[PDB]
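Participant: An experimental structure, sequence included, is below.
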Amino acid sequence: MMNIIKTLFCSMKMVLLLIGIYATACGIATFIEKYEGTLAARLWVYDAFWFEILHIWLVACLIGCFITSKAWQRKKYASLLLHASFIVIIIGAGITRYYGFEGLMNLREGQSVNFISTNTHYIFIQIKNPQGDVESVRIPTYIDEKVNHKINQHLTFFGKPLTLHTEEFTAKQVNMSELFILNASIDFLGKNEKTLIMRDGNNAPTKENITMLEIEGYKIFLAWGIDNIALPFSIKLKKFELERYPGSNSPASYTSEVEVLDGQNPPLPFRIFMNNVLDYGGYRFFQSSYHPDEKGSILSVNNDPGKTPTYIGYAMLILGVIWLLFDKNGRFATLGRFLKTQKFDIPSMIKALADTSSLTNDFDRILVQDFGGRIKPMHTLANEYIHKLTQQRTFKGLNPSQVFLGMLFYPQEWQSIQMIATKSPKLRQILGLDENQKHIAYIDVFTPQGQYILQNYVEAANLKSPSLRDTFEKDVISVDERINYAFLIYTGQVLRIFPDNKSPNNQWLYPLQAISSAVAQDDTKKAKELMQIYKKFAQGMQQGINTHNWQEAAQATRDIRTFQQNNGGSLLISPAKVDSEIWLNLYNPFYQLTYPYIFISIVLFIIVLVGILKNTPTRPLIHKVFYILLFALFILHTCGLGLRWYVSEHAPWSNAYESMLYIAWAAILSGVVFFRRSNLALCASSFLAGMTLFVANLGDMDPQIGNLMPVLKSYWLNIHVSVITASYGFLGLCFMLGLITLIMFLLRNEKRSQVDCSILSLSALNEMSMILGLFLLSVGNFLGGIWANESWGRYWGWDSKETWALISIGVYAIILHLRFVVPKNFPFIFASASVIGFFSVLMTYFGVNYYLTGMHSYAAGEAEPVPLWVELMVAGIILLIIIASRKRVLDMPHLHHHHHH
Ligand SMILES: CCCCCCCCCCCCCCCCCCCC(=O)O[C@H](COC(=O)CCCCCCCCCCCCCC)COP(=O)(O)OCCN
Ligand code: HEB
Ligand code: HEB
């Protein structure tokens, strides 16, 4: 049992400081990681001794604070377990930092390998004295192209003393890239020496660089290089194969087939996938890359003995989270019970082909193999291509299918109709057309005598830089991409449909290549059938332009459909998915949900604030009506997500557009289900959902349904992302409620009572929403680890999103705990804190996805320079807080319910 000695300063204030110092440290570390090499961020923060000092100090502070709080005399078992998870997790992390080592390994078909080469960099000294065969020492060094760090080292080896000092290093490009050449001074015994030492890249310490001297200490060796470590067993591989979606170079799967050789003289076989691993003898093997000649494999290995302590830690943390969320006592149930008491040739053919519904009804269902490897119904392909050519959804009364069919069959018209959109005056003037943009036409961009006017500009423009684009260059590259798309359509190379010939990898051919292959093949039968299809369909189109029956071309479309079902392989999707995809394209909810969300939120906020400004409660009818309406709209939303999941055949939260849709879903879930009792929570939640769907629909995000990267194919995709991105819903709800309670603070005029109880209830609602958000963020982060311990190769490596998730955990832990240290002001300080704290989450999402490098790039993009808009928004927030500060005095434990309380 602890006694209260002067050394026991342990009290919450010390935990808030420690968490603050830790958070600032990791932040500065992450920005150093960008302005200097990652080796400079391993230095100064992550591998620095004082960081381990902070870790042990934090553990001791957890023990001291729990002893001083009389946690064990009271029951509080849930808090004890939850909090003990941290003490374990930290122990496991320490064990891994001290005993666990990492390695990379290279293997070639038929090669046997029993040694692995470290990824860090070492300097090696060996001494031999005529007495004493060898002594050997290794020292780690943090120097490369971007950082220099003088080594100073004093050691005793043969038993005499030795010193080494190092100056700097130049990067001369003497063949091997830049053979690193470094200069050094030594003292051994009285002898003092000056020496030049050189290494190859991240490869073996070759003999040539190995440099040996024989003055004091007999004969001595010095080298600078990568270390090699020797396995007790041995490995051989006999395959590397990777499988790329049919019809595309996009790699779907990476595979190795591997045999394991040991005095268990029967070999043991295993096969390996990007998201699968091997465990043998205490070693774990993942698969990262492969030799560029596609017959060599690269593996990463982690002998991390701290695995099981950290996993038990994660299990304790999850059990504690569930326990505290269902505990009868504790903060969450107390706030729930509190809130329960409160009240709160043919140029006019457009119109001709507009009415072709009888044709398009079948045309929209012929499958096409997109260049991404996925098989699309032609409706989706037509939508994508036309919405890329013409920025408006409909070029004329023609829907996308009609205009696609028209520009396919009558290039002589549609290449001279103004449709290719442009948004730059300099581009239009350099083309010699009038200033009015007006969707320039395909024929206008090159001359019969000429080649292609923009060619000279794009070759100058594209390679320069994404980060300092110009209003001219942006539209130049964009219009070039659009013209390339149009050329693909006019050539017919996009209709990779008519055959499913089983010659290539599995790729479906386009019609002219189809005819060529059928002619190359003695399959004249197929050639003449395809010719009949072509002739019938073209004649039917001609008839439909000059008349109006269309049944001929519709029958030809039915013919190509039945040819699909006849010749196609296992790639053919069932008609159910085709129907689902066409429905999701026609009645896409995510474009329609955005505005009604915002407008309903605004009107409901106005109605509720009118009541709170007065001293009358809002009539139940209004709550019931808006609640049922929001619930119907939420059901429509979740059905939209369900259809995207079903048609994608993968979880619909994996490519940073879906992620925005799922954050919207989590935000609306928080308001509709959990906090349904309160009007202001529902208002804030629906407002958040609307705003984030609008941001997603700003057009920067790519919304089309693509196939998964191979790494993402793990089951953990369903649990890591879902919980992590659900956290942002509740945290954004906390942000919105913070702004709302600050406005309520402004309204307070000491004549009004309702305002006071309103703020007092909003504080608790914000607090419990923050509890839920934190818990989700913590659990999702750590489980994600359990997933990064299979995909990447280590469960924590201080990656740029890893560290910022931890920063967010730290900030919200500070905000939740500060209720223990700052009495009297509590509602206002908590409001301010819950408003400012959301900057950590906005950073962890946007900044880490765009403005910082890292491995978790599953949702990244090119960094546009930060808009001053956000700076003005932050200035507005800070001004609002300063103004609200004038009325902050309203203690938390007030008294008279109804009259107040
Ligand atoms: C000479 C050896 C003598 C024997 C010593 C054996 C060990 C005894 C027990 C040690 C007890 C504490 C002392 C150890 C300090 C551990 C240092 C942690 C820093 C660290 O490097 O952790 C990394 C990852 O772990 C992580 O990811 C941890 C995440 C950070 C902690 C998370 C805390 C829980 C969440 C809530 C925290 C509170 C809120 C924070 C805002 C390890 O990886 P590496 O890069 O070093 O490995 C690469 C080379 N193998
Ligand atoms: C997760 C998140 C979080 C974090 C990070 C934390 C972190 C912490 N924490 Fe915590 N906590 C929490 C969450 C948290 N936390 C909660 C939720 C609670 C509540 C519990 C109950 O309800 O009872 C607490 C509670 C608590 C308490 C009270 C209990 C008694 O009875 O006394 C204390 C003292 C604490 C401390 C602390 C510390 C020192 C730290 C540093 C490590 N904590
Ligand atoms: C598997 C593999 C992977 C891994 C390993 C991971 C790992 C991780 N992660 Fe992750 N994530 C992911 C995949 C992933 N991840 C995805 C896919 C997502 C969704 C999309 C995005 O990102 O957006 C996420 C998401 C996410 C989020 C939300 C935000 C965003 O989204 O941006 C967060 C916070 C995180 C964190 C994290 C952490 C801390 C970690 C460490 C453990 N993530």
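Facilitator: Thanks, I have the structure now. Numbering: from 1, shown residues only. Ligands and ions are numbered 1, 2, ... in the order given.

Participant: Give the buried residues for stretch 34-53.
Facilitator: Within stretch 34-53, the residues that count as buried by 16 or more other Cβ atoms under 10 Å are 37-46. In this view, the C-beta of every residue, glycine as well, is placed from N, C-alpha and C.

Participant: Spell out whether it and ligand 1 are in contact.
Facilitator: Yes - with Cβ under 6 Å from any ligand atom as the criterion, ligand 1 is reached by stretch 34-53 at residue 52.

Participant: which parts of the stretch 701-850 of the chain sit against ligand 2?
Facilitator: Contact residues (Cβ under 6 Å from any ligand atom) of the stretch 701-850 of the chain with ligand 2: 771, 774, 778, 809, 813, 816-817.

Participant: who's in contact with the closest residue to ligand 3 within the stretch 451-600 of the chain?
Facilitator: Among residues of the stretch 451-600 of the chain, the one nearest ligand 3 by Cβ to the nearest ligand atom turns out to be residue 590. It sits 16.0 Å away. Residues near residue 590 by Cβ atoms under 8 Å, 6 or more residues apart in numbering: 640, 661, 693, 696-697.

Participant: how about 7 Å then?
Facilitator: Neighbour list for residue 590: 640, 661, 693 [criterion: Cβ atoms under 7 Å, 6 or more residues apart in numbering].

Participant: Restricted to helices, list these.
Facilitator: Here DSSP state H is the test, and these give 640, 661, 693 as lying in helices.

Participant: burial count for the last one?
Facilitator: Which is residue 693. For residue 693, the count of nearby residues is 26 (other Cβ atoms under 10 Å).

Participant: Against ligand 3, how distant is it?
Facilitator: Distance, residue 693 to ligand 3, by Cβ to the nearest ligand atom, to the nearest Å: 16 Å.

Participant: One more: residue 412?
Facilitator: For residue 412, the distance to ligand 3 equals 45 Å [Cβ to the nearest ligand atom].

Participant: Apart from its chain neighbours, what residue comes closest to that residue?
Facilitator: The shortest distance from residue 412 to any non-neighbouring residue, by Cβ to Cβ, 6 or more residues apart in numbering, is to residue 345 (7.2 Å).

Participant: Just confirm the one you found is within a helix.
Facilitator: No - Residue 345: not assigned to a helix; according to DSSP: H, G, I helix; E, B strand; the rest coil it is coil.

Participant: please begin residue numbering at 37 from this point
Facilitator: With 37 as the first residue, the last one maps to residue 381.

Participant: ok, it - how many residues close by?
Facilitator: Going by other Cβ under 10 Å, the residues that sit close to residue 381 add up to 9.

Participant: likewise residue 486?
Facilitator: By the measure other Cβ under 10 Å, the count of residues near residue 486 is 9.

Participant: Over to it. Which of the three states is it?
Facilitator: Under three-state DSSP, the three-state class of residue 486 is coil.

Participant: Domain map for the chain?
Facilitator: Per automatic domain parsing, the structural domains of the chain span 48-136+344-368, 138-150+266-339, 157-262, 385-533, 618-737, 759-937.

Participant: Just tell me which of the ones you listed ends up closest to residue 543.
Facilitator: Residue 543 lies closest to domain 138-150+266-339 among the domains of the chain, at 3.9 Å (Cβ to Cβ).

Participant: Now the terminal residues of the closest one, how far apart.
Facilitator: With Cα to Cα, to the nearest Å applied, domain 138-150+266-339 spans 7 Å between its terminal residues.

Participant: chain center to that domain: distance?
Facilitator: Centre-to-centre, domain 138-150+266-339 and its host chain are 27 Å apart (Cα atoms, centre = their mean, to the nearest Å).

Participant: now check it, is it near ligand 3?
Facilitator: No - for domain 138-150+266-339, no contact with ligand 3 is found by Cβ under 6 Å from any ligand atom; the gap never falls below 7.4 Å.

Participant: Would you mind pulling up the elements that the helix or strand where residue 220 lies packs against?
Facilitator: Using DSSP states H and E, residue 220 sits within strand 216-224. The contact analysis (3 or more Cβ pairs under 7 Å, 6 or more residues apart in numbering; DSSP states H and E) places strand 216-224 against strand 197-206, strand 227-235.

Participant: gap between the residue of the stretch 237-386 of the chain found nearest ligand 3 and residue 553?
Facilitator: Closest residue of the stretch 237-386 of the chain to ligand 3, Cβ to the nearest ligand atom: residue 311 (7.4 Å). From residue 311 across to residue 553, the span is 36 Å (Cβ to Cβ, to the nearest Å).

Participant: likewise residue 458?
Facilitator: Distance of residue 458 to residue 553, computed by Cβ to Cβ: 38 Å.

Participant: Show me which residues of the stretch 687-836 of the chain sit near ligand 1.
Facilitator: Counting by Cβ under 6 Å from any ligand atom, the stretch 687-836 of the chain comes close to ligand 1 at 832-833.

Participant: Understood, closing this out.
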